[PDB]
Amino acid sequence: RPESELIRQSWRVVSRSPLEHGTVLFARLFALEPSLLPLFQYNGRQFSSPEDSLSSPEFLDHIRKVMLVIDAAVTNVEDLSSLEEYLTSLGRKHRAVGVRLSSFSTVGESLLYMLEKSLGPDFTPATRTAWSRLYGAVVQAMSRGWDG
């Protein structure tokens, strides 16, 4: 694939600072859909404001976990079928925590925002389309967790 390289190459830059970059993704996510904030329940407590999430080690660890699932996708960008069962179960888990499947569209936009901001002029149309396809494929596999 030509897309596989666009994804690989762009991901190298991000993977140098995945927390800083995932922090943009999540700051953007809560700016777009603050109703996701309460889903991050650590010590039975809700974050009141998005900046609260940034002070939580568990939340920042979830940022790193997200970035690693993306890294797993990138590693398998040629054959995602190898992540299908893991991603189905990841879907099922997020269903269980309360995340609606539709919120994963917002996450995709936040991922694309983060890549735009980091890559600036290197975030070409082809690069955007490539990520959109990969992210879509990830979410398609996760959606199996919502049993459909």
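The first residue of the sequence shown is number 1, and the count goes up from there.
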Worksheet item: Mean CA B-factor: is it higher for 22-30 or for 43-51?
Response: 43-51
Discussion item. Please compare 33-41 with 91-99 and name the stretch with the higher mean C-alpha B-factor in the deposited structure.
Written reply: 91-99
Worksheet, complete the sentence: Assert third(CA B-factor, residue 57) within chain per record equals middle
Item to complete: Classify residue 67 as lowest, middle or highest third according to the C-alpha B-factor given in the PDB entry, relative to its own chain.
Response: lowest
Worksheet item: Taking the C-alpha B-factors as the PDB entry records them, is residue 122 in the lowest, middle or highest third of its chain?
Response: highest
Discussion item. Going by the CA temperature factor in the PDB record, which third of the chain does residue 109 belong to: lowest, middle or highest?
Written reply: lowest
